[PDB]
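Enquirer: To start, I am sharing the structure in question, which I have written as structure tokens.
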Amino acid sequence: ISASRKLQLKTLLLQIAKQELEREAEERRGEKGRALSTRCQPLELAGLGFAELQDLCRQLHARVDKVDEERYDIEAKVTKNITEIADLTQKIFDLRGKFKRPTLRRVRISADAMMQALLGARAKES
Amino acid sequence: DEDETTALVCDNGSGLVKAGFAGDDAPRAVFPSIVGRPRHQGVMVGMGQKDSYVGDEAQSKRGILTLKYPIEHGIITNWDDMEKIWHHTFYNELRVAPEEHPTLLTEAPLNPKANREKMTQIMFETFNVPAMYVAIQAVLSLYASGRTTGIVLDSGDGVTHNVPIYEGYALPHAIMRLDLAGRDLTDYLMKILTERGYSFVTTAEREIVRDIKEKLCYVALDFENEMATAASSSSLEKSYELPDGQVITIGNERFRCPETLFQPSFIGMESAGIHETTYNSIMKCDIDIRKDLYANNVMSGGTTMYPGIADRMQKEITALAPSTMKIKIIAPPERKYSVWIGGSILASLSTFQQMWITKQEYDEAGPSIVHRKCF
Amino acid sequence: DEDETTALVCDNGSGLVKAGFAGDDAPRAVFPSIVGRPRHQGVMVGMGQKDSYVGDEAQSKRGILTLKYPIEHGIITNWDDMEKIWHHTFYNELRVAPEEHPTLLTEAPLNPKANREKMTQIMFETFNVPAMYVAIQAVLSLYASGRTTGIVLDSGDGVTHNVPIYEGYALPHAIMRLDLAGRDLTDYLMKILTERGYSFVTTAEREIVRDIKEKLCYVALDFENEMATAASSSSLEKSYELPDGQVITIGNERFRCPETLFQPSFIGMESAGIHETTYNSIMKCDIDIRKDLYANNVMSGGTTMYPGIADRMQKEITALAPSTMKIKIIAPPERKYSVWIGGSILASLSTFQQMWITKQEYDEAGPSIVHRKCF
Amino acid sequence: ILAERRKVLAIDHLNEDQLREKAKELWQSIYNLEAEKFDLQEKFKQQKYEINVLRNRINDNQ
Amino acid sequence: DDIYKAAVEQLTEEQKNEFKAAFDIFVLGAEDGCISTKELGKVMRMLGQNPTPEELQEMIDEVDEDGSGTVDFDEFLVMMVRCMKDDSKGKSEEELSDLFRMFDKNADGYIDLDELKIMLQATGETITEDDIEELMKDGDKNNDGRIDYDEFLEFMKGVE
């Protein structure tokens, strides 16, 4: 088509697709930061008794230990599926890609560059 | 000429050096592994002239030069001459040099290790390369060919390596190296052309017979039937133009030269030929490997440009091979250039960026480092 | 992912692993009990390549792999390899994560503790299965076979169990662990085929002989007259196509191999063979039990698929057995898959829902719990 | 690793300011590990998603 | 085609006139009113040259989408003008995958129609169900109405 319509389309389209990812993500990171401020909630202080205070230090401490363990598990499995991304990706990609590197032509040098090297100063508005 | 520090690639044989930069699918120029020297006493002055000539200079002024080749059967015996050829290759004609670029070299798996040690020292100390890697020619042929598996006949100028590779791994126990290559085929041709009344002895003559072979010769699928006619009729003869306007007419010699690949006994070699040699590289591998190597006979290097080679090889292997099994041959247009091309592919692969020896590791270990870091 | 939190069932023998979910009538997939590892040096780069391959990957890529079996005559000795086989089984073929489902594993009770303890531990600690149950092979075979009473002959790859059961009860004093199995039959065949001019000594070769055995061999009800002819005539030889297109023919050796089960001296074993061992298990049971076991010899496991085996066993037992009495063999099509089928049946019984170890009882007690909760 | 997923817990000899420091630095380090948990879940969600893709192309090849 | 029109929306036409001037300087080299194979040869060995023959025979046979069969005048012009580099953002793998998430909102690696329809409707410009017909032909390389990602990739790789 005489489709400047299509050009501004597709910029806007990859825009809106990353934007649906982004609304996906606004929901996600809301939950993220929300759970952040809560999962350890800025705590309350005035007038308390010392035994309870050391109990709470120890408590939040073991909570570090435990939350560490737990997010670490989410990591380990994320990592397993990450290796899986590596491997499904890489290995299906073996079934499924690998000349995605095209005929990598360096005659696709900076083409404007070799152009200019052969033309001179006639290239000013672009 | 270039706007990036891309690796440079050089395929250095006893014939010519193919060279260019990584990322291309061809060398930028070819540099004959030749240093020429005058064999005559000068009389005139103010004539320019060189003390020694290299590459294409050596061939262009060859009328009064003796032309020597620094590499024998894949080994550099004269590396001072290779440094002059390389200086020209890099700084005058390709317009790139190891000084500002990492460099990949191509080699056979059983190439004497001392030869890599010396080339490694030269590129790091004479050309100041920031990094190096010496790659297997069979690997390079498989990348260029779109394969991870096959028997690669790398057909060099002075030696043919013949190494089976399966799933990207070497199967070294089945390497059938043969001391037969394009330069030996030339020797057979000049001896039979000598019998016809055209001796080729001196340098100009040596270059002509090599050129005759490259343009007139072929193998054909059936030698004996080709000869029954070629030995009986002038219709199979071709006249080649010699530099002085004279011609040489060649008959069955046109195929008898190439035939040495199938008949090494023609030059005094105790061998059954390249198809038997290929067969053994397949047949000595485990039976669950054999099927993939029979399906992947890979021709590379030079001499594979001879008409009929794909058919001659596939038919001979099929005859040697077990029945039922399908024997297939790969003989792409990227012939003779596929080793260089594979060098470009390998040098540029993202999976290979950590495989380079840096000029840190090199000086700490010295040139022998190539024996631990490359292969 | 399923329509119920059904148990997953995996029958892990020394040969192959059969797996699927409880409630089905077949395993969804079968894998060799193999973890393969490359025995070659890589030459090409960016080739992928695993440290180890499992199951069917191990067999498909076997051309350059050494293939190991983590299970030794019914005992897992390498549990890191079984964990990888299981992960593949559960996530790539069954497509179900054990975290949401109970898992049933099988063994002979004759197995010296480590197998049931480690099987229980792997599923609870590396897969986080909510529950576990290690089952008896004789139980599983009788459910699959439609019996509560009889002798289970499970002559598979590892060990022959030969355990008698009466009214659902074990008669353990009569169970004879027998070191005669399908794996030994393969080794024998490799050696006698070597005598014929076809040596089999490597991993690929061992897998070929196992395939030959499975497709070409039979036992014969009358081996003596069968060998008198088979050893005299080519008319009784069967051709087998080797992976590389070569052909091997096998004559009396075809049955000579299976015959070892009745002639264990062929592999150096001091044994009466499977027919007499079955007979002795019947004999060792009380006199009012013996008659029900004679009438109910039940085939399970592997090697029970050989032509002439149901008749060979029934006739040998009949010959050892007293007169008047009818000796009978049950040989269901659920052969070799019968332990897995029984697992599906057992896991799903309402009377077996209290037999499961939960992932609570497990952690409070540790893996030694398998000795209190399963049997 | 279990025994040491705990930081060092210093609440014995010093006064109350360092006591609350101990507790709440634990709180925030938790807080962090809480983040990492949620977000590794998130990563694993898009992970299983793009690996839904990956298993699809598996099938597309096997 | 469409790309031609957008890029001419960048700049104006008097430019094109002076181009034509440059070309009267060049336009020596049409055998057939086209600049075809022999013309590629002629105007390129004008300096003893020809494109990297991948480019050259490519133009000869392949980039003929229409059945032009040859390097038209238009096609040699195409190479010689697509020289100076200006494309934007060519969006691709990591982009297209995060996109594919809401494309294959199914969370499955196989898009359904209307997630893509929503994206289309919310781009910022025009969705011809002609072009949606295009995209069903393209995106789902399987064309099973559900798209594995790389299908959608090559369906969307490399464009503004």
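Each chain in the structure tokens gets a letter, A, B and so on, in the order shown; residues start at 1 in every chain, and ligands are counted from 1 in the order they appear.
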Check which residues of chain D sit at most 9 Å from range 77-80 of chain A using only C-alpha atoms, and return one row each with the closest pair of atoms and their distance in Å to one decimal, ordered by chain and rising number, as a tab-separated table.
Expert:
```
residue	atom	partner	partner_atom	distance
D:40	CA	A:78	CA	6.4
D:41	CA	A:78	CA	7.7
D:43	CA	A:78	CA	6.9
D:44	CA	A:78	CA	5.4
D:47	CA	A:78	CA	7.4
```
Enquirer: Take the residues from that selection and put them in a file with C-alpha atoms, as a compact mmCIF listing (two decimals), in the first residue's frame.
Expert:
```
# COMPACT_ATOMS: atom_id res chain seq x y z
CA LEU D 40 11.42 -15.26 40.73
CA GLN D 41 7.86 -16.46 40.73
CA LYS D 43 10.21 -14.78 36.13
CA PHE D 44 9.10 -18.35 36.42
CA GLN D 47 9.45 -18.59 32.14
```
Enquirer: Excluding residue 311 in chain C and any residue of its chain fewer than 5 positions from it, enumerate the residues within 12 Å of it, using only C-alpha atoms, and give them as a list in words.
Expert: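 Using only C-alpha atoms, the neighbours found are residues 218, 219, 220, 221, 222, 223, 275, 297, 299, 304, 305, 306, 316, 317, 318, 319, 327, 328, 329, 330 and 331 of chain C.
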Enquirer: Near residue 27 in chain D, counting only C-alpha atoms, which residues have an atom at most 8 Å away, once you skip same-chain residues fewer than 3 positions from it, shown as a ChimeraX atom specification?
Expert: /A:40-41,60-61,63-64 /D:23-24,30-31
Enquirer: Can you pull out every residue within 6 Å of range 52-58 of chain B, counting only C-alpha atoms, but drop anything in the same chain fewer than 3 positions away, and send it as a ChimeraX atom specification?
Expert: /B:31-32,34-37,61-62,85
Enquirer: Selection from above, N, CA and C atoms, as a PDB file, in the first residue's frame, can you write it?
Expert:
```pdb
ATOM      1  N   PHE B  31      46.803 -15.103  -2.207  1.00  0.00           N
ATOM      2  CA  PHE B  31      48.225 -14.840  -2.180  1.00  0.00           C
ATOM      3  C   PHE B  31      49.077 -16.080  -2.332  1.00  0.00           C
ATOM      4  N   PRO B  32      49.555 -16.412  -3.531  1.00  0.00           N
ATOM      5  CA  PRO B  32      50.308 -17.612  -3.809  1.00  0.00           C
ATOM      6  C   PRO B  32      51.438 -17.710  -2.809  1.00  0.00           C
ATOM      7  N   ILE B  34      54.436 -18.020  -2.592  1.00  0.00           N
ATOM      8  CA  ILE B  34      55.602 -17.914  -3.429  1.00  0.00           C
ATOM      9  C   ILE B  34      56.508 -16.748  -3.145  1.00  0.00           C
ATOM     10  N   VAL B  35      57.803 -17.044  -3.092  1.00  0.00           N
ATOM     11  CA  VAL B  35      58.785 -15.976  -3.073  1.00  0.00           C
ATOM     12  C   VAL B  35      59.658 -16.159  -4.309  1.00  0.00           C
ATOM     13  N   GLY B  36      59.695 -15.129  -5.134  1.00  0.00           N
ATOM     14  CA  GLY B  36      60.451 -15.188  -6.360  1.00  0.00           C
ATOM     15  C   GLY B  36      61.760 -14.462  -6.245  1.00  0.00           C
ATOM     16  N   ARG B  37      62.768 -14.992  -6.914  1.00  0.00           N
ATOM     17  CA  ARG B  37      64.075 -14.357  -6.914  1.00  0.00           C
ATOM     18  C   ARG B  37      64.677 -14.409  -8.313  1.00  0.00           C
ATOM     19  N   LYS B  61      56.316 -11.235 -12.551  1.00  0.00           N
ATOM     20  CA  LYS B  61      57.668 -11.025 -13.068  1.00  0.00           C
ATOM     21  C   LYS B  61      58.456 -12.329 -13.263  1.00  0.00           C
ATOM     22  N   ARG B  62      57.752 -13.468 -13.197  1.00  0.00           N
ATOM     23  CA  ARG B  62      58.323 -14.813 -13.221  1.00  0.00           C
ATOM     24  C   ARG B  62      59.170 -15.165 -14.422  1.00  0.00           C
ATOM     25  N   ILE B  85      55.467 -12.780   2.687  1.00  0.00           N
ATOM     26  CA  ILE B  85      54.201 -13.011   1.998  1.00  0.00           C
ATOM     27  C   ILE B  85      53.063 -12.436   2.826  1.00  0.00           C
TER      28      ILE B  85
END
```
Enquirer: Could you pull out the residues in chain E that DSSP calls helix (DSSP H, G or I) from the backbone, as a ChimeraX atom specification?
Expert: /E:2-10,14-26,37-45,53-62,73-81,93-103,113-122,129-138,149-156
Enquirer: With a distance threshold of 12 Å and counting only C-alpha atoms, extract the residues of chain C near chain D and express them as number ranges by chain.
Expert: C: 91-93, 95
Enquirer: Can you build me a table of chain B residues sitting at most 12 Å from chain A, with the closest atom pair per residue and its distance in Å to one decimal, using only C-alpha atoms, sorted by chain and residue number, as JSON lines?
Expert:
```
{"residue": "B:1", "atom": "CA", "partner": "A:114", "partner_atom": "CA", "distance": 8.9}
{"residue": "B:2", "atom": "CA", "partner": "A:109", "partner_atom": "CA", "distance": 8.1}
{"residue": "B:3", "atom": "CA", "partner": "A:109", "partner_atom": "CA", "distance": 7.9}
{"residue": "B:4", "atom": "CA", "partner": "A:109", "partner_atom": "CA", "distance": 9.4}
{"residue": "B:6", "atom": "CA", "partner": "A:106", "partner_atom": "CA", "distance": 10.0}
{"residue": "B:20", "atom": "CA", "partner": "A:106", "partner_atom": "CA", "distance": 11.3}
{"residue": "B:21", "atom": "CA", "partner": "A:106", "partner_atom": "CA", "distance": 9.1}
{"residue": "B:22", "atom": "CA", "partner": "A:106", "partner_atom": "CA", "distance": 8.7}
{"residue": "B:23", "atom": "CA", "partner": "A:106", "partner_atom": "CA", "distance": 5.9}
{"residue": "B:24", "atom": "CA", "partner": "A:105", "partner_atom": "CA", "distance": 5.8}
{"residue": "B:25", "atom": "CA", "partner": "A:105", "partner_atom": "CA", "distance": 7.4}
{"residue": "B:26", "atom": "CA", "partner": "A:105", "partner_atom": "CA", "distance": 10.1}
{"residue": "B:28", "atom": "CA", "partner": "A:107", "partner_atom": "CA", "distance": 11.2}
{"residue": "B:143", "atom": "CA", "partner": "A:99", "partner_atom": "CA", "distance": 10.9}
{"residue": "B:144", "atom": "CA", "partner": "A:103", "partner_atom": "CA", "distance": 10.9}
{"residue": "B:146", "atom": "CA", "partner": "A:99", "partner_atom": "CA", "distance": 9.2}
{"residue": "B:147", "atom": "CA", "partner": "A:98", "partner_atom": "CA", "distance": 11.6}
{"residue": "B:148", "atom": "CA", "partner": "A:94", "partner_atom": "CA", "distance": 11.2}
{"residue": "B:341", "atom": "CA", "partner": "A:103", "partner_atom": "CA", "distance": 11.5}
{"residue": "B:344", "atom": "CA", "partner": "A:104", "partner_atom": "CA", "distance": 10.2}
{"residue": "B:345", "atom": "CA", "partner": "A:104", "partner_atom": "CA", "distance": 9.2}
{"residue": "B:348", "atom": "CA", "partner": "A:104", "partner_atom": "CA", "distance": 9.7}
{"residue": "B:349", "atom": "CA", "partner": "A:101", "partner_atom": "CA", "distance": 9.3}
{"residue": "B:350", "atom": "CA", "partner": "A:101", "partner_atom": "CA", "distance": 10.4}
{"residue": "B:351", "atom": "CA", "partner": "A:90", "partner_atom": "CA", "distance": 11.8}
```
Enquirer: Pull out every residue of chain E that has at least one atom within 8 Å of chain A, counting only C-alpha atoms, and report them as number ranges by chain.
Expert: E: 1-7, 9, 52, 83-85, 91, 95-96, 98-103, 119-120, 122-126, 159-160
Enquirer: Between CA of residue 37 in chain A and CA of residue 62 in chain A, what is the distance in Å, rounded to a tenth?
Expert: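 Computed distance, CA of residue 37 in chain A to CA of residue 62 in chain A, equals 18.4 Å.
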Enquirer: Which chain E residues are at most 7 Å from chain D (counting only C-alpha atoms), as a list in words?
Expert: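 Here they are: residues 107, 108, 109, 110, 148 and 149 of chain E.
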Enquirer: Can you spit out the residues from that selection as a tab-separated table (two decimals), in the first residue's frame, using N, CA and C atoms?
Expert:
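Writing done, so here's selection26.tsv:
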```
chain	number	residue	atom	x	y	z
E	107	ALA	N	-0.80	-17.90	27.42
E	107	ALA	CA	0.28	-18.37	28.27
E	107	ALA	C	0.79	-19.72	27.81
E	108	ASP	N	0.81	-19.93	26.49
E	108	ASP	CA	0.97	-21.27	25.95
E	108	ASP	C	1.99	-21.39	24.84
E	109	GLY	N	2.51	-20.29	24.32
E	109	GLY	CA	3.30	-20.35	23.13
E	109	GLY	C	2.50	-20.58	21.88
E	110	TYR	N	1.21	-20.27	21.89
E	110	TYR	CA	0.40	-20.38	20.69
E	110	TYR	C	-0.72	-19.35	20.77
E	148	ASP	N	3.32	-20.41	17.41
E	148	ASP	CA	4.52	-20.51	18.23
E	148	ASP	C	5.34	-19.25	18.02
E	149	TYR	N	6.17	-18.91	19.00
E	149	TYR	CA	6.71	-17.55	19.05
E	149	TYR	C	7.54	-17.22	17.82
```
Enquirer: Could you pull the residues within 9 Å of residue 181 in chain C, counting only C-alpha atoms, minus those fewer than 3 positions along the same chain, as an mmCIF file with C-alpha atoms, in the first residue's frame?
Expert:
```cif
data_model
loop_
_atom_site.group_PDB
_atom_site.id
_atom_site.type_symbol
_atom_site.label_atom_id
_atom_site.label_comp_id
_atom_site.auth_asym_id
_atom_site.auth_seq_id
_atom_site.Cartn_x
_atom_site.Cartn_y
_atom_site.Cartn_z
ATOM 1 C CA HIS C 73 20.277 -56.673 39.115
ATOM 2 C CA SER C 155 12.566 -63.400 34.526
ATOM 3 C CA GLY C 156 13.449 -59.868 33.331
ATOM 4 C CA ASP C 157 16.703 -58.064 32.755
ATOM 5 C CA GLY C 158 18.042 -58.049 36.355
ATOM 6 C CA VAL C 159 17.088 -60.911 38.661
ATOM 7 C CA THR C 160 14.422 -63.619 38.629
ATOM 8 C CA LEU C 178 17.919 -66.227 41.309
ATOM 9 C CA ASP C 184 23.080 -62.626 31.116
ATOM 10 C CA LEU C 185 21.309 -64.032 28.113
ATOM 11 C CA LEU C 261 17.338 -69.985 31.571
ATOM 12 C CA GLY C 302 10.679 -60.049 30.555
ATOM 13 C CA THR C 303 12.053 -63.090 28.579
#
```
Enquirer: Show me a table, sorted first by chain and then by increasing residue number, of the residues of chain C having an atom at most 8 Å from chain B, each with its shortest atom pair and the distance in Å to one decimal, counting only C-alpha atoms and written as CSV.
Expert:
```
residue,atom,partner,partner_atom,distance
C:40,CA,B:169,CA,6.3
C:41,CA,B:169,CA,5.7
C:42,CA,B:169,CA,4.0
C:43,CA,B:169,CA,4.9
C:44,CA,B:168,CA,4.8
C:45,CA,B:351,CA,6.4
C:46,CA,B:351,CA,5.1
C:47,CA,B:168,CA,6.1
C:62,CA,B:288,CA,7.0
C:63,CA,B:288,CA,4.5
C:64,CA,B:289,CA,7.3
C:204,CA,B:288,CA,6.8
C:242,CA,B:287,CA,7.9
C:243,CA,B:287,CA,5.9
C:244,CA,B:287,CA,5.3
C:245,CA,B:322,CA,5.3
C:246,CA,B:322,CA,5.8
```
Enquirer: Could you turn the residues from that selection into a file that holds N, CA, C and O atoms, as an mmCIF file, in the first residue's frame?
Expert:
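File written: selection.cif
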```cif
data_model
loop_
_atom_site.group_PDB
_atom_site.id
_atom_site.type_symbol
_atom_site.label_atom_id
_atom_site.label_comp_id
_atom_site.auth_asym_id
_atom_site.auth_seq_id
_atom_site.Cartn_x
_atom_site.Cartn_y
_atom_site.Cartn_z
ATOM 1 N N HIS C 40 34.349 -39.262 23.577
ATOM 2 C CA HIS C 40 35.159 -38.549 22.594
ATOM 3 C C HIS C 40 35.348 -37.078 22.932
ATOM 4 O O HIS C 40 34.533 -36.472 23.626
ATOM 5 N N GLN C 41 36.451 -36.532 22.432
ATOM 6 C CA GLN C 41 36.792 -35.119 22.540
ATOM 7 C C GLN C 41 36.118 -34.301 21.452
ATOM 8 O O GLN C 41 36.242 -34.629 20.262
ATOM 9 N N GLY C 42 35.423 -33.238 21.865
ATOM 10 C CA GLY C 42 34.739 -32.361 20.927
ATOM 11 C C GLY C 42 35.758 -31.608 20.082
ATOM 12 O O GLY C 42 36.821 -31.209 20.582
ATOM 13 N N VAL C 43 35.430 -31.410 18.809
ATOM 14 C CA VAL C 43 36.298 -30.689 17.889
ATOM 15 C C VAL C 43 35.632 -29.376 17.418
ATOM 16 O O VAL C 43 36.313 -28.365 17.230
ATOM 17 N N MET C 44 34.317 -29.419 17.163
ATOM 18 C CA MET C 44 33.568 -28.263 16.685
ATOM 19 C C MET C 44 33.050 -27.486 17.907
ATOM 20 O O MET C 44 32.954 -28.048 18.998
ATOM 21 N N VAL C 45 32.730 -26.200 17.738
ATOM 22 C CA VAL C 45 32.238 -25.369 18.852
ATOM 23 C C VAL C 45 30.825 -24.832 18.596
ATOM 24 O O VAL C 45 30.462 -24.517 17.459
ATOM 25 N N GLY C 46 30.016 -24.725 19.662
ATOM 26 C CA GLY C 46 28.648 -24.238 19.493
ATOM 27 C C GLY C 46 27.748 -25.362 19.025
ATOM 28 O O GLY C 46 26.779 -25.145 18.287
ATOM 29 N N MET C 47 28.104 -26.576 19.451
ATOM 30 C CA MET C 47 27.454 -27.828 19.093
ATOM 31 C C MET C 47 26.442 -28.324 20.123
ATOM 32 O O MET C 47 25.925 -29.454 20.003
ATOM 33 N N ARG C 62 23.835 -42.661 21.063
ATOM 34 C CA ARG C 62 24.758 -43.706 21.497
ATOM 35 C C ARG C 62 25.971 -43.943 20.631
ATOM 36 O O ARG C 62 26.932 -44.534 21.107
ATOM 37 N N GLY C 63 25.983 -43.463 19.391
ATOM 38 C CA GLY C 63 27.117 -43.717 18.508
ATOM 39 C C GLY C 63 28.453 -43.356 19.157
ATOM 40 O O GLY C 63 29.444 -44.034 18.903
ATOM 41 N N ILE C 64 28.493 -42.310 19.995
ATOM 42 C CA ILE C 64 29.740 -41.942 20.672
ATOM 43 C C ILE C 64 29.634 -41.926 22.188
ATOM 44 O O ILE C 64 30.438 -41.257 22.848
ATOM 45 N N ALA C 204 27.770 -50.168 21.826
ATOM 46 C CA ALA C 204 26.837 -50.195 20.708
ATOM 47 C C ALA C 204 26.517 -51.629 20.370
ATOM 48 O O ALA C 204 25.367 -51.982 20.113
ATOM 49 N N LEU C 242 22.186 -55.322 10.802
ATOM 50 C CA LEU C 242 23.005 -54.582 11.727
ATOM 51 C C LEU C 242 22.847 -53.109 11.327
ATOM 52 O O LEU C 242 22.562 -52.827 10.158
ATOM 53 N N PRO C 243 23.036 -52.135 12.236
ATOM 54 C CA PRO C 243 22.902 -50.703 11.984
ATOM 55 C C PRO C 243 23.661 -50.157 10.778
ATOM 56 O O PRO C 243 23.224 -49.180 10.174
ATOM 57 N N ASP C 244 24.786 -50.761 10.401
ATOM 58 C CA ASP C 244 25.531 -50.244 9.279
ATOM 59 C C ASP C 244 25.197 -50.907 7.947
ATOM 60 O O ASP C 244 25.845 -50.627 6.941
ATOM 61 N N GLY C 245 24.164 -51.748 7.914
ATOM 62 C CA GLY C 245 23.764 -52.420 6.685
ATOM 63 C C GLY C 245 24.348 -53.828 6.536
ATOM 64 O O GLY C 245 24.036 -54.528 5.569
ATOM 65 N N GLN C 246 25.188 -54.263 7.473
ATOM 66 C CA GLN C 246 25.727 -55.611 7.359
ATOM 67 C C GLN C 246 24.704 -56.606 7.903
ATOM 68 O O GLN C 246 23.834 -56.240 8.694
#
```
Enquirer: Report, in Å with one decimal, the straight-line distance from CA of residue 208 in chain C to CA of residue 315 in chain B.
Expert: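 These atoms are spaced 28.5 Å apart.
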Enquirer: Hey, can you check how far CA of residue 114 in chain C sits from CA of residue 76 in chain C?
Expert: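 Atom-to-atom, CA of residue 114 in chain C and CA of residue 76 in chain C are spaced 7.5 Å apart.
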Enquirer: When you count only C-alpha atoms, which of these residues is closest to residue 277 in chain C: C:153, C:192, C:110, C:293?
Expert: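 Between C:153, C:192, C:110, C:293, the residue approaching residue 277 in chain C most closely is C:153.
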Enquirer: DSSP on the backbone: what in range 54-299 of chain B comes out strand (DSSP E), as a PyMOL selection string?
Expert: chain B and resi 54+65-68+71-72+75-76+103-107+131-136+150-153+163-166+169-170+238-241+247-250+297-299
Enquirer: Neighbours of residue 44 in chain E within 12 Å (only C-alpha atoms; same-chain residues fewer than 3 positions away dropped), as JSON, numbers by chain?
Expert: {"E": [26, 27, 28, 29, 30, 35, 36, 37, 38, 39, 40, 41, 47, 48, 49, 50, 51, 52, 53, 56, 76, 80]}
Enquirer: When you count only C-alpha atoms, which of these residues is closest to chain D: A:51, A:94, A:118, A:39?
Expert: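 Closest to chain D, using only C-alpha atoms: A:39.
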